[PDB]
Amino acid sequence: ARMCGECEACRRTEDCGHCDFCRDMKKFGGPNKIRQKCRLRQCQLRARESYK
DNA sequence: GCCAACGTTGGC
DNA sequence: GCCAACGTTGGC
Ligand SMILES: [Zn+2]
Ligand SMILES: [Zn+2]
């Protein structure tokens, strides 16, 4: 839907820890104000263009 | 009950 | 139209 499930981004299991979306996550110390997937896990086909 | 990450929205 | 922010809820 937002995932094709077979590109590199869809197959990734590990958040990069360094992009703006990761730095937002509570797991990396952020405020959880943004709340999107890691930039490297944004489906290359289906994701909003601005999320890649 | 919590939570990942989606779709919606307000302010620009 | 963009995008920061956050209500939402399927899945756990
Ligand atoms: Zn990342
Ligand atoms: Zn994909």
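To find a chain, count down the sequence lines: A is the first, B the second, and so on, and within it residues start at 1. Computation of the quantities below employed the complete heavy-atom set of this structure, encompassing side-chain atoms and omitting hydrogens, waters and symmetry-equivalent molecules.
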Taking the side chain as C-beta and beyond, is there a heavy-atom pair between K37(A) and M3(A) under 4.5 Å?
-> yes
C1'-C2'-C3'-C4' for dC6(B): north (positive) or south (negative)?
-> north
For nucleotides 7-9 of chain B, give me every protein contact, N/O to N/O, under 3.5 Å, one pair per line with atom names.
unit_1	atom_1	unit_2	atom_2	d
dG7(B)	OP2	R2(A)	NE	3.1
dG7(B)	OP2	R48(A)	NH2	3.2
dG7(B)	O6	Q36(A)	NE2	2.9

Whole-Å distance, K52(A) NZ to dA5(B) P, equals 17 Å
With side chains defined as the heavy atoms from C-beta onward, is the minimum distance between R2(A) and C43(A) less than 4.5 Å?
-> no
Once you round it to whole Å, what is the distance between P of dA5(C) and CG of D20(A)?
-> 11 Å
Starting at atom CE of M25(A), determine the distance to atom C1' of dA4(C), rounded to an integer number of angstrom.
-> 16 Å
Checking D24(A) side chain against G30(A) main chain: does a donor-acceptor pair fall under 3.5 Å?
-> no
Take atom CZ of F21(A) and atom P of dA4(B), then tell me their distance rounded to the nearest Å.
-> 16 Å
Under-4.0 Å side-chain N/O to phosphate OP1/OP2 contact, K37(A) with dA4(B) | no
Length of the CG-P vector between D24(A) and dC3(C), whole Å = 16 Å
Check whether any side-chain N or O of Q42(A) sits under 3.5 Å from a backbone N or O of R48(A) as a donor-acceptor pair, and report yes or no.
-> no
Look only at the side chain of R35(A) and the backbone of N32(A), and say whether a donor-acceptor pair between them is shorter than 3.5 Å.
-> yes
Please confirm whether the backbone N or O of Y51(A) pairs with a side-chain atom of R39(A), one donor and one acceptor, at under 3.5 Å?
-> yes
Roughly how many Å is it from CD in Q42(A) to P in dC3(C), rounded to a whole number?
-> 14 Å
